[PDB]
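Presented below is the structure to which this report refers.
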Amino acid sequence: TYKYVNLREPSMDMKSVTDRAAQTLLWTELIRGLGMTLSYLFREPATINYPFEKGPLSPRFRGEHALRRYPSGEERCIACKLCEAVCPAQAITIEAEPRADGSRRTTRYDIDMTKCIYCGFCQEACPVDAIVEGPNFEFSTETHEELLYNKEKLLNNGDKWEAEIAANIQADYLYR
Amino acid sequence: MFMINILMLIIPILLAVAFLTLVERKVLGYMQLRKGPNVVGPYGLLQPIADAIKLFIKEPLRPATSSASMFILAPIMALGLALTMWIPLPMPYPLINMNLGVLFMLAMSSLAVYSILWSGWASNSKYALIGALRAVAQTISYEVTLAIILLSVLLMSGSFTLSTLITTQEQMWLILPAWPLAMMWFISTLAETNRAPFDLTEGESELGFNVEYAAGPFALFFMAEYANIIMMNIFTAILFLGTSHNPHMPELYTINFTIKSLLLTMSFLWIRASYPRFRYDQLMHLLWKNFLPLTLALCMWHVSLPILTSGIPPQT
Amino acid sequence: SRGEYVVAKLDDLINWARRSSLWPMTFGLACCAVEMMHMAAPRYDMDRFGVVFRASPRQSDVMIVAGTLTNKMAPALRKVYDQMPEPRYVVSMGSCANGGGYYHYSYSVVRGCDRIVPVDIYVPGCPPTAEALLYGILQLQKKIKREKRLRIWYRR
Amino acid sequence: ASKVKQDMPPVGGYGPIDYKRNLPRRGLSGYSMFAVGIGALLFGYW
Ligand SMILES: CCCCCCCCCCCCCCCCCC(=O)OC[C@H](COP(=O)([O-])OCC[N+](C)(C)C)OC(=O)CCCCCCCCCCCCCCCCC
Ligand SMILES: CCCCCCCCCCCCCCCCCC(=O)OC[C@H](COP(=O)(O)OCCN)OC(=O)CCCCCCCCCCCCCCCCC
Ligand SMILES: CCCCCCCCCCCCCCCCCC(=O)OC[C@H](COP(=O)(O)OCCN)OC(=O)CCCCCCCCCCCCCCCCC
Ligand code: SF4
Ligand code: SF4
Ligand code: SF4
């Protein structure tokens with residue numbers, strides 16, 4: 001089905017023709033537009049008072065990558081390199097070797113936060129919920145070099161945001 | 001004491017222009033469902049002061065102008081004339097009580113085109129010149145209707161004295177007998193001051209002439225432009241919304257007259273937020289094909305109407 | 001009064017004026033320009049901080065690079081930067097401008113705008129939220145607040 | 001025994017949603033607009 005948008009025939013009776021003469025001379029439809037802007041002048045603005053108020057987000061929000069631990073304190077990552085394989089930007093670099101106790105653990109875990117497209121594939125591929133994107137979105141820097149995270153920066157983030165990260169994963173893991 | 005009088009007129013004008021920038025940004029904001037400046041001082045009352053200091057300690061460009069003397073003459077002329085158009089305004093007593101004050105304001109207003117033309121030359125850019133030519137052609141075209149409309153109104157007043165317009169409207173506003181002229185006077189003032197929907201200069205995607213100016217020199221063009229917006233709306237209120245004058249309580253006149261002058265200045269900001277922009281060939285046709293035929297016809301009507309009713313005003 | 005006291009307060013007056021009236025020139029090159037428009041939208045309203053929506057290159061104090069800088073576009077960017085009257089700051093918005101992002105290994109993309117012009121603030125994300133760019137702008141304000149131009153001239 | 005729970009519309013569906021253009025009609029006719037305008041002029045001249 002279809003409909004015409006602009007296929008009307010204006011009437012040519014005297015009253016209709018005089019109606020358009022009053023509109024042309026007395027600027028009726030222009031003053032109709034002034035009234036609409038006047039109404040918005042008396043509506044409550046939608047502005048929020050940042051930084052004291054924040055915009056609503058959801059548990060699925062994708063922000064600053066981070067490395068998590070088990071409740072015992074042991075790292076969750078076991079250097080499987082699935083995240084490094086799936087990262088469409090090749091923003092992840094990993095090196096691993098047997099640990100002193102024989103565990104499969106990384107010796108390098110870097111994310112280039114300037115190559116990263118903040119897509120979330122790294123946390124979908126992870127089989128042990130080790131690399132996650134947290135809820136922090138305010139981490140702008142003053143130099144380019146502060147955005148090249150290494151394993152120490154990522155483990156510090158995980159310890160720093162674990163209280164909020166765990167609650168979000170609790171709220172959404174039933175959809176995953 | 002006269003020298004004190006001049007300063008009591010100049011400084012408040014500049015302060016009014018300074019806080020008009022704030023009011024414009026906040027009225028536009030609320031018509032757009034937002035707030036506007038409310039962080040720099042309470043309700044953004046220090047925003048104008050921050051902007052002024054920032055511009056005057058920012059390095060200016062001063063490109064390789066073809067003259068380098070027109071580049072400095074243009075803002076002097078613009079600001080110098082903008083302040084001069086205030087001296088005959090009765091509020092309710094003029095600083096200078098001219099007999100031909102209405103004609104003085106036309107004369108000084110027609111000289112403001114040079115600052116537009118000179119700054120075009122100084123920029124040394126061929127394209128910047130084209131923008132100056134379009135702005136100049138707009139200003140001269142729409143001051144044809146300012147002169148004829150003003151003449152039509154004065155036929156019901158009897159003189160070019162600005163304070164006689166107060167006496168003329170001692171029983172009724174001139175908006176009532178001459179509302180068709182008021183409509184075309186109000187729109188003609190928007191075109192003169194390059195205001196939306198007539199701002200092709202500031203209307204990017206088609207052109208402005210004051211593009212090479214930054215810092216203090218740019219602010220001088222800005223201040224002159226906004227002082228003309230207040231002045232023309234003060235002229236309109238005197239012309240079409242006469243305020244009764246009580247010689248024993250002159251402050252009563254000033255309060256009522258200021259409120260009208262503000263409401264007409266806010267109408268300029270209201271109209272900017274509501275409409276799109278005219279095309280260059282379309283605002284020229286709005287003048288040479290719509291306003292001018294009506295203005296000429298109404299001029300004939302207003303020359304004859306006083307005669308055929310026995311209502312010619314006194315010469316004095 | 002001491003000279004070191006007048007200079008300290010004069011530095012605070014010029015810093016206050018400069019950080020309270022940042023007029024940005026936005027280079028909207030790619031998707032990151034959309035998020036920059038949402039910072040001007042009613043929800044966040046950059047204008048209420050003194051940050052005007054649009055400014056011309058010669059009336060502007062900060063350049064926001066929002067999108068992918070290609071090799072065919074780089075000379076135009078440097079030209080606009082050189083014509084900005086000083087003081088001038090550059091904010092790098094998004095992964096593309098910071099380091100090339102998703103197109104880092106492309107033949108036609110400059111790997112980071114910081115090898116074409118100096119950069120003061122890097123805003124990460126792809127794209128950064130409109131509340132993340134706003135946080136970066138307010139971080140540039142505090143950086144300007146720490147400037148001590150007059151206190152260093154007085155000790156020369 | 002726990003039933004399946006996923007986002008679903010309420011029983012009976014959601015209420016109706018308006019989508020058509022609704023620019024209403026306001027103001028007087030051309031004849032009356034011109035009558036009021038001429039009337040104002042006549043009083044002004046008098
Ligand atoms: C008894 C004797 C009586 C004698 C006098 C009788 C007079 C009868 C009435 C005559 C008509 C009245 C003249 C009205 C002016 C018409 C001008 C015109 O050209 O109209 C067509 C023009 C253009 O007409 P057009 O573009 O639609 O088309 C023209 C013709 N064709 C189709 C061939 C191209 O309208 C405009 O002027 C455009 C307006 C631009 C936007 C202005 C924004 C308006 C904002 C609201 C301001 C409200 C006024 C505020 C005043 C405040 C004052 C204090
Ligand atoms: C008409 C234009 C012509 C005049 C040009 C303008 C000059 C007059 C301006 C008057 C208002 C400014 C008052 C005088 C200057 C004093 C400002 C000042 O010293 O504020 C200090 C205070 C911060 O000081 P401190 O805490 O010690 O430093 C911490 C640094 N991290 O700063 C603070 O944060 C305190 C918070 C209050 C600061 C703002 C002052 C109140 C705002 C008043 C608004 C009304 C005045 C503006 C409108 C009229 C125009 C002048
Ligand atoms: C197709 C029709 C086109 C329209 C035709 C003309 C319409 C009728 C005239 C109105 C238009 C002209 C404007 C005249 C303004 C007059 C204002 C008014 O109406 O006031 C009436 C007033 C009342 O008397 P007043 O003096 O106030 O009483 C107190 C004395 N102590 O008394 C006065 O004001 C003084 C009297 C003024 C009379 C002037 C008009 C006479 C014209 C001849 C009448 C015939 C109309 C023309 C016909 C040909 C049209 C082509
Ligand atoms: S969010 Fe996507 S692009 Fe960024 S590190 Fe994770 S997988 Fe790589
Ligand atoms: S997918 Fe998880 S476990 Fe595997 S290397 Fe990446 S972070 Fe470590
Ligand atoms: S950083 Fe992301 S959102 Fe911004 S331009 Fe590049 S791909 Fe688009």
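Note on naming: chains are A, B, ... as they come in the structure tokens, residues start from 1 per chain, ligands start from 1 in the order shown.
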
If we count only C-alpha atoms and set the cut-off at 12 Å, which residues sit around range 29-45 of chain A, ignoring sequence neighbours fewer than 6 positions away in its own chain? Please answer as a count of residues only. 37

Residue 120 in chain C: which residues within 8 Å, counting only C-alpha atoms, same-chain residues fewer than 6 positions away excluded, as number ranges by chain? A: 142-143; C: 89-92, 140

Once DSSP has gone over the backbone, tell me which residues of chain D are in alpha helix (DSSP H), as number ranges by chain. D: 30-45

Write a file of the selected residues as a PDB file, in the first residue's frame, keeping N, CA and C atoms.
```pdb
ATOM      1  N   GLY D  30     -10.396  34.423   6.845  1.00  0.00           N
ATOM      2  CA  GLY D  30      -9.816  35.589   6.204  1.00  0.00           C
ATOM      3  C   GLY D  30     -10.734  36.795   6.252  1.00  0.00           C
ATOM      4  N   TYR D  31     -12.041  36.569   6.110  1.00  0.00           N
ATOM      5  CA  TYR D  31     -12.987  37.680   6.139  1.00  0.00           C
ATOM      6  C   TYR D  31     -12.946  38.406   7.477  1.00  0.00           C
ATOM      7  N   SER D  32     -12.927  37.657   8.580  1.00  0.00           N
ATOM      8  CA  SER D  32     -12.930  38.282   9.896  1.00  0.00           C
ATOM      9  C   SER D  32     -11.569  38.855  10.264  1.00  0.00           C
ATOM     10  N   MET D  33     -10.480  38.232   9.809  1.00  0.00           N
ATOM     11  CA  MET D  33      -9.161  38.800  10.060  1.00  0.00           C
ATOM     12  C   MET D  33      -9.020  40.163   9.396  1.00  0.00           C
ATOM     13  N   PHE D  34      -9.516  40.299   8.165  1.00  0.00           N
ATOM     14  CA  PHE D  34      -9.465  41.590   7.490  1.00  0.00           C
ATOM     15  C   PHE D  34     -10.417  42.594   8.123  1.00  0.00           C
ATOM     16  N   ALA D  35     -11.557  42.133   8.640  1.00  0.00           N
ATOM     17  CA  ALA D  35     -12.495  43.048   9.281  1.00  0.00           C
ATOM     18  C   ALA D  35     -11.890  43.669  10.534  1.00  0.00           C
ATOM     19  N   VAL D  36     -11.201  42.863  11.345  1.00  0.00           N
ATOM     20  CA  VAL D  36     -10.594  43.381  12.567  1.00  0.00           C
ATOM     21  C   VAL D  36      -9.445  44.324  12.235  1.00  0.00           C
ATOM     22  N   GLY D  37      -8.673  44.005  11.196  1.00  0.00           N
ATOM     23  CA  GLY D  37      -7.561  44.865  10.828  1.00  0.00           C
ATOM     24  C   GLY D  37      -8.012  46.223  10.327  1.00  0.00           C
ATOM     25  N   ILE D  38      -9.038  46.249   9.476  1.00  0.00           N
ATOM     26  CA  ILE D  38      -9.551  47.519   8.977  1.00  0.00           C
ATOM     27  C   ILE D  38     -10.226  48.296  10.100  1.00  0.00           C
ATOM     28  N   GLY D  39     -10.930  47.595  10.990  1.00  0.00           N
ATOM     29  CA  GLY D  39     -11.558  48.269  12.114  1.00  0.00           C
ATOM     30  C   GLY D  39     -10.555  48.994  12.990  1.00  0.00           C
ATOM     31  N   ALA D  40      -9.398  48.374  13.230  1.00  0.00           N
ATOM     32  CA  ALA D  40      -8.365  49.023  14.030  1.00  0.00           C
ATOM     33  C   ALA D  40      -7.859  50.291  13.356  1.00  0.00           C
ATOM     34  N   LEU D  41      -7.663  50.251  12.037  1.00  0.00           N
ATOM     35  CA  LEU D  41      -7.204  51.439  11.323  1.00  0.00           C
ATOM     36  C   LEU D  41      -8.206  52.577  11.443  1.00  0.00           C
ATOM     37  N   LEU D  42      -9.496  52.279  11.274  1.00  0.00           N
ATOM     38  CA  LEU D  42     -10.505  53.331  11.315  1.00  0.00           C
ATOM     39  C   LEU D  42     -10.530  54.017  12.673  1.00  0.00           C
ATOM     40  N   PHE D  43     -10.445  53.242  13.755  1.00  0.00           N
ATOM     41  CA  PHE D  43     -10.391  53.845  15.081  1.00  0.00           C
ATOM     42  C   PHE D  43      -9.119  54.662  15.257  1.00  0.00           C
ATOM     43  N   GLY D  44      -8.001  54.178  14.711  1.00  0.00           N
ATOM     44  CA  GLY D  44      -6.758  54.920  14.822  1.00  0.00           C
ATOM     45  C   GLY D  44      -6.819  56.260  14.115  1.00  0.00           C
ATOM     46  N   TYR D  45      -7.353  56.273  12.893  1.00  0.00           N
ATOM     47  CA  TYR D  45      -7.480  57.527  12.159  1.00  0.00           C
ATOM     48  C   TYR D  45      -8.405  58.494  12.884  1.00  0.00           C
TER      49      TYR D  45
END
```

Please, which residues have at least one atom within 7 Å of an atom of ligand 2, using only C-alpha atoms and all ligand atoms, listed as a PyMOL selection string? chain B and resi 15+41-42+45-46+49

Expected file contents, prior selection, N, CA, C and O atoms, as a PDB file, in the first residue's frame:
```pdb
ATOM      1  N   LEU B  15      27.563  47.963  29.076  1.00  0.00           N
ATOM      2  CA  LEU B  15      27.153  46.947  30.038  1.00  0.00           C
ATOM      3  C   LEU B  15      25.880  46.244  29.586  1.00  0.00           C
ATOM      4  O   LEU B  15      25.747  45.025  29.737  1.00  0.00           O
ATOM      5  N   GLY B  41      29.345  31.997  37.572  1.00  0.00           N
ATOM      6  CA  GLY B  41      28.573  32.889  38.401  1.00  0.00           C
ATOM      7  C   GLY B  41      27.155  32.383  38.571  1.00  0.00           C
ATOM      8  O   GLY B  41      26.712  31.483  37.851  1.00  0.00           O
ATOM      9  N   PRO B  42      26.412  32.942  39.525  1.00  0.00           N
ATOM     10  CA  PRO B  42      25.025  32.493  39.729  1.00  0.00           C
ATOM     11  C   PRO B  42      24.170  32.791  38.508  1.00  0.00           C
ATOM     12  O   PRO B  42      24.053  33.938  38.073  1.00  0.00           O
ATOM     13  N   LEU B  45      25.825  34.877  35.606  1.00  0.00           N
ATOM     14  CA  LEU B  45      25.941  36.329  35.641  1.00  0.00           C
ATOM     15  C   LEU B  45      27.367  36.818  35.437  1.00  0.00           C
ATOM     16  O   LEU B  45      27.560  38.010  35.178  1.00  0.00           O
ATOM     17  N   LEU B  46      28.364  35.944  35.545  1.00  0.00           N
ATOM     18  CA  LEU B  46      29.746  36.305  35.271  1.00  0.00           C
ATOM     19  C   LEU B  46      30.213  35.834  33.902  1.00  0.00           C
ATOM     20  O   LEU B  46      31.367  36.075  33.541  1.00  0.00           O
ATOM     21  N   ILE B  49      31.587  38.654  31.608  1.00  0.00           N
ATOM     22  CA  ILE B  49      32.878  39.193  32.020  1.00  0.00           C
ATOM     23  C   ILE B  49      34.004  38.250  31.622  1.00  0.00           C
ATOM     24  O   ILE B  49      35.083  38.689  31.210  1.00  0.00           O
TER      25      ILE B  49
END
```

Neighbouring residues of ligand 5 are defined here as those with any atom at most 8 Å from a ligand atom, counting only C-alpha atoms and all ligand atoms; list them as a PyMOL selection string. chain A and resi 67+76-84+94+106+122-123+125-131

Separation of CA of residue 226 in chain B from CA of residue 17 in chain B in Å: 6.1 Å

Hey, what's within 9 Å of residue 81 in chain C if we count only C-alpha atoms and toss same-chain stuff fewer than 2 positions away? As a list in words, please?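 The residues satisfying every condition are residues 57, 63, 76, 77, 78, 79, 83, 84, 85, 88, 90 and 117 of chain C.
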
Those same residues - N, CA and C atoms - I'd like them written as a tab-separated table (two decimals), in the first residue's frame.
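Result saved to selection_28.tsv:
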```
chain	number	residue	atom	x	y	z
C	57	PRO	N	37.22	28.86	13.03
C	57	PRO	CA	38.61	28.53	13.38
C	57	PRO	C	39.39	29.70	13.97
C	63	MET	N	40.55	22.83	19.60
C	63	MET	CA	40.19	22.00	18.46
C	63	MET	C	39.89	20.60	18.97
C	76	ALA	N	44.99	19.40	5.63
C	76	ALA	CA	43.94	20.35	5.98
C	76	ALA	C	43.87	20.55	7.49
C	77	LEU	N	44.09	19.49	8.27
C	77	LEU	CA	44.04	19.63	9.72
C	77	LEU	C	45.16	20.52	10.23
C	78	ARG	N	46.39	20.29	9.76
C	78	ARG	CA	47.52	21.09	10.22
C	78	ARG	C	47.33	22.56	9.85
C	79	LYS	N	46.77	22.82	8.67
C	79	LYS	CA	46.55	24.20	8.25
C	79	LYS	C	45.59	24.91	9.18
C	83	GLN	N	46.44	28.19	11.96
C	83	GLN	CA	45.72	29.45	11.86
C	83	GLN	C	44.90	29.77	13.10
C	84	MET	N	44.87	28.88	14.09
C	84	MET	CA	44.15	29.17	15.33
C	84	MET	C	44.93	30.19	16.15
C	85	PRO	N	44.33	31.31	16.54
C	85	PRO	CA	45.04	32.24	17.42
C	85	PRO	C	45.30	31.62	18.79
C	88	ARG	N	45.96	27.89	22.25
C	88	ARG	CA	45.15	26.90	21.55
C	88	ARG	C	45.45	25.52	22.11
C	90	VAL	N	44.28	21.17	21.85
C	90	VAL	CA	43.71	20.13	21.01
C	90	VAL	C	43.22	18.99	21.90
C	117	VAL	N	49.51	17.02	14.97
C	117	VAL	CA	49.43	18.20	15.83
C	117	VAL	C	49.64	17.78	17.27
```

Give me, as a PyMOL selection string, the set of residues whose atoms come within 7 Å of any atom of ligand 1, counting only C-alpha atoms and all ligand atoms. (chain A and resi 24-27+30-31) or (chain B and resi 175+180+182-184+186-187+197+236-237+240+271+286+290-291) or (chain D and resi 38+41-42)

Near-residue 110 in chain A list (10 Å; only C-alpha atoms; drop same-chain fewer than 4 positions) as a list in words: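 Result of the neighbour search: residues 91, 92, 93, 94, 95, 148, 149, 150, 151, 152, 153 and 154 of chain A.
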
Do you know which residues are within 9 Å of ligand 6 using only C-alpha atoms and all ligand atoms? Can you write them as an MDAnalysis selection string? (chainID A and resid 114:118) or (chainID C and resid 28:35 66:69 93:98 100:103 124:128)

Find the residues of chain B in contact range of chain D, meaning any atom within 12 Å when counting only C-alpha atoms, and list them as a short mmCIF file (atom, residue, chain, number, x, y, z; two decimals) with N, CA, C and O atoms, in the first residue's frame.
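Output file selection-v9.cif follows:
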```
data_model
loop_
_atom_site.label_atom_id
_atom_site.label_comp_id
_atom_site.auth_asym_id
_atom_site.auth_seq_id
_atom_site.Cartn_x
_atom_site.Cartn_y
_atom_site.Cartn_z
N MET B 156 1.80 61.92 10.40
CA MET B 156 0.86 61.98 11.50
C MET B 156 1.45 62.65 12.74
O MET B 156 0.73 62.81 13.73
N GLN B 169 1.64 60.58 20.53
CA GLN B 169 1.04 59.38 21.11
C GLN B 169 0.58 59.60 22.54
O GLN B 169 0.67 58.71 23.38
N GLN B 171 -2.55 60.22 23.37
CA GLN B 171 -3.88 59.65 23.50
C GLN B 171 -3.98 58.20 23.06
O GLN B 171 -4.92 57.51 23.45
N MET B 172 -3.03 57.72 22.26
CA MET B 172 -3.13 56.40 21.64
C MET B 172 -1.80 56.08 20.98
O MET B 172 -1.13 56.97 20.45
N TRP B 173 -1.43 54.80 21.01
CA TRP B 173 -0.23 54.35 20.33
C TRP B 173 -0.39 54.46 18.82
O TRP B 173 -1.48 54.26 18.27
N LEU B 174 0.71 54.78 18.13
CA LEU B 174 0.69 54.81 16.68
C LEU B 174 0.64 53.42 16.07
O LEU B 174 0.46 53.30 14.85
N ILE B 175 0.81 52.37 16.87
CA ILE B 175 0.67 51.01 16.36
C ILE B 175 -0.74 50.77 15.85
O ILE B 175 -0.96 49.94 14.97
N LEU B 176 -1.72 51.49 16.40
CA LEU B 176 -3.11 51.26 16.04
C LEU B 176 -3.42 51.85 14.66
O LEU B 176 -3.91 51.13 13.79
N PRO B 177 -3.16 53.14 14.42
CA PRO B 177 -3.44 53.70 13.09
C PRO B 177 -2.46 53.26 12.01
O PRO B 177 -2.78 53.44 10.83
N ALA B 178 -1.31 52.71 12.36
CA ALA B 178 -0.26 52.43 11.39
C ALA B 178 0.37 51.06 11.65
O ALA B 178 1.59 50.91 11.63
N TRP B 179 -0.45 50.04 11.89
CA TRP B 179 0.12 48.73 12.14
C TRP B 179 0.73 48.13 10.88
O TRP B 179 1.75 47.44 10.97
N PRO B 180 0.17 48.36 9.68
CA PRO B 180 0.83 47.81 8.49
C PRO B 180 2.24 48.35 8.29
O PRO B 180 3.13 47.62 7.84
N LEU B 181 2.46 49.62 8.63
CA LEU B 181 3.80 50.19 8.55
C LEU B 181 4.70 49.62 9.64
O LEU B 181 5.90 49.41 9.42
N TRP B 301 -1.11 57.02 0.65
CA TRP B 301 -2.29 57.04 1.52
C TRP B 301 -2.08 57.95 2.71
O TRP B 301 -3.02 58.65 3.14
N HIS B 302 -0.88 57.98 3.28
CA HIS B 302 -0.63 58.78 4.47
C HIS B 302 -0.35 60.24 4.17
O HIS B 302 -0.44 61.07 5.08
N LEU B 305 -4.39 61.05 3.66
CA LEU B 305 -5.33 60.79 4.75
C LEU B 305 -5.45 61.96 5.71
O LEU B 305 -6.58 62.34 6.05
N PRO B 306 -4.36 62.58 6.19
CA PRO B 306 -4.52 63.75 7.06
C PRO B 306 -5.26 64.90 6.41
O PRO B 306 -5.98 65.64 7.10
N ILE B 307 -5.11 65.09 5.10
CA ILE B 307 -5.76 66.21 4.43
C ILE B 307 -7.27 65.99 4.36
O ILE B 307 -8.05 66.91 4.62
N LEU B 308 -7.70 64.78 4.02
CA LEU B 308 -9.11 64.51 3.80
C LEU B 308 -9.89 64.31 5.09
O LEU B 308 -11.12 64.16 5.03
N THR B 309 -9.23 64.29 6.24
CA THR B 309 -9.89 64.24 7.53
C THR B 309 -9.72 65.53 8.32
O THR B 309 -10.30 65.66 9.41
N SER B 310 -8.95 66.49 7.81
CA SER B 310 -8.64 67.72 8.53
C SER B 310 -7.82 67.43 9.79
O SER B 310 -8.07 67.99 10.86
N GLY B 311 -6.83 66.55 9.66
CA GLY B 311 -6.01 66.14 10.78
C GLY B 311 -4.53 66.36 10.57
O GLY B 311 -3.71 65.53 10.97
N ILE B 312 -4.16 67.47 9.93
CA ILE B 312 -2.74 67.77 9.73
C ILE B 312 -2.13 68.21 11.06
O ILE B 312 -2.68 69.12 11.71
#
```

Which residues of chain B are close to chain C, meaning at most 7 Å apart when you count only C-alpha atoms, and how do they look as a list in words?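 Putting it all together, I get residues 33, 34, 35, 36, 37, 38, 39, 40, 50, 51, 53, 54, 58, 59, 60, 61 and 214 of chain B.
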
Give me, as a ChimeraX atom specification, all polymer residues having an atom no more than 10 Å from residue 200 in chain B, counting only C-alpha atoms and skipping those fewer than 6 positions away in the same chain. /B:131,134-135,138,191,194,206-208,277-280

CA of residue 100 in chain A and CA of residue 65 in chain A are how many Å apart?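 We find that CA of residue 100 in chain A and CA of residue 65 in chain A lie 27.0 Å from each other.
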
Do you know which residues are at most 12 Å from residue 135 in chain A counting only C-alpha atoms, after dropping those on the same chain fewer than 6 positions away, and could you put them as a list in words?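 Close residues of residue 135 in chain A: residues 56, 57, 58, 59, 60, 61, 62, 63, 64, 65, 66, 118, 157, 158, 160, 161, 162, 163, 164, 165, 166, 167, 168 and 169 of chain A; 129 and 132 of chain C.
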
Next, dump the selected residues to file, keeping only N, CA and C atoms, as a short mmCIF file (atom, residue, chain, number, x, y, z; two decimals), in the first residue's frame.
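To be explicit, this is the file written out as selection_37.cif:
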```cif
data_model
loop_
_atom_site.label_atom_id
_atom_site.label_comp_id
_atom_site.auth_asym_id
_atom_site.auth_seq_id
_atom_site.Cartn_x
_atom_site.Cartn_y
_atom_site.Cartn_z
N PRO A 56 21.76 7.91 33.00
CA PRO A 56 21.49 6.52 33.35
C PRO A 56 22.20 5.55 32.42
N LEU A 57 22.67 4.45 33.00
CA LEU A 57 23.30 3.36 32.27
C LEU A 57 22.66 2.05 32.71
N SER A 58 23.16 0.95 32.18
CA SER A 58 22.60 -0.37 32.44
C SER A 58 23.72 -1.34 32.78
N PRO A 59 23.39 -2.50 33.34
CA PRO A 59 24.44 -3.46 33.72
C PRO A 59 25.28 -3.97 32.55
N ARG A 60 24.81 -3.81 31.31
CA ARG A 60 25.54 -4.29 30.15
C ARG A 60 26.54 -3.28 29.59
N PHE A 61 26.70 -2.13 30.24
CA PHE A 61 27.53 -1.08 29.68
C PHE A 61 28.97 -1.55 29.52
N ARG A 62 29.62 -1.10 28.45
CA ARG A 62 30.96 -1.53 28.08
C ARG A 62 31.92 -0.34 28.22
N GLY A 63 32.76 -0.38 29.25
CA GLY A 63 33.70 0.69 29.51
C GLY A 63 35.15 0.23 29.54
N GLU A 64 35.80 0.40 30.68
CA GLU A 64 37.23 0.16 30.81
C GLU A 64 37.50 -1.32 31.05
N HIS A 65 38.27 -1.95 30.16
CA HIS A 65 38.64 -3.35 30.32
C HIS A 65 39.25 -3.55 31.71
N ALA A 66 39.22 -4.77 32.24
CA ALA A 66 39.81 -5.05 33.55
C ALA A 66 39.97 -6.55 33.73
N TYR A 118 36.19 -1.06 21.90
CA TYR A 118 35.25 -1.22 23.00
C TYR A 118 34.01 -1.98 22.55
N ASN A 157 42.89 -2.17 38.02
CA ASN A 157 41.50 -1.83 37.72
C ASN A 157 40.55 -2.88 38.28
N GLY A 158 40.89 -4.15 38.14
CA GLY A 158 40.00 -5.20 38.63
C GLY A 158 39.81 -5.14 40.13
N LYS A 160 40.14 -2.49 41.82
CA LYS A 160 39.53 -1.20 42.10
C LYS A 160 38.02 -1.20 41.85
N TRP A 161 37.55 -1.97 40.87
CA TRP A 161 36.15 -1.96 40.47
C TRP A 161 35.46 -3.30 40.70
N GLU A 162 36.05 -4.19 41.50
CA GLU A 162 35.47 -5.52 41.68
C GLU A 162 34.10 -5.45 42.33
N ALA A 163 33.91 -4.53 43.28
CA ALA A 163 32.63 -4.45 43.98
C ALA A 163 31.49 -4.17 43.01
N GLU A 164 31.72 -3.29 42.04
CA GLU A 164 30.68 -2.98 41.06
C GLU A 164 30.65 -3.98 39.92
N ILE A 165 31.81 -4.50 39.51
CA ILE A 165 31.84 -5.46 38.40
C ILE A 165 31.07 -6.72 38.76
N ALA A 166 31.28 -7.24 39.97
CA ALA A 166 30.62 -8.48 40.38
C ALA A 166 29.11 -8.31 40.41
N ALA A 167 28.63 -7.17 40.89
CA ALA A 167 27.19 -6.95 40.97
C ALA A 167 26.56 -6.86 39.58
N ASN A 168 27.25 -6.24 38.62
CA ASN A 168 26.73 -6.18 37.26
C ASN A 168 26.66 -7.56 36.64
N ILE A 169 27.72 -8.36 36.80
CA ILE A 169 27.73 -9.70 36.23
C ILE A 169 26.66 -10.55 36.88
N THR C 129 31.26 8.17 25.25
CA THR C 129 29.92 8.68 25.53
C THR C 129 29.95 10.20 25.55
N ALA C 132 31.42 11.23 28.54
CA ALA C 132 32.85 11.00 28.64
C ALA C 132 33.65 12.10 27.95
#
```
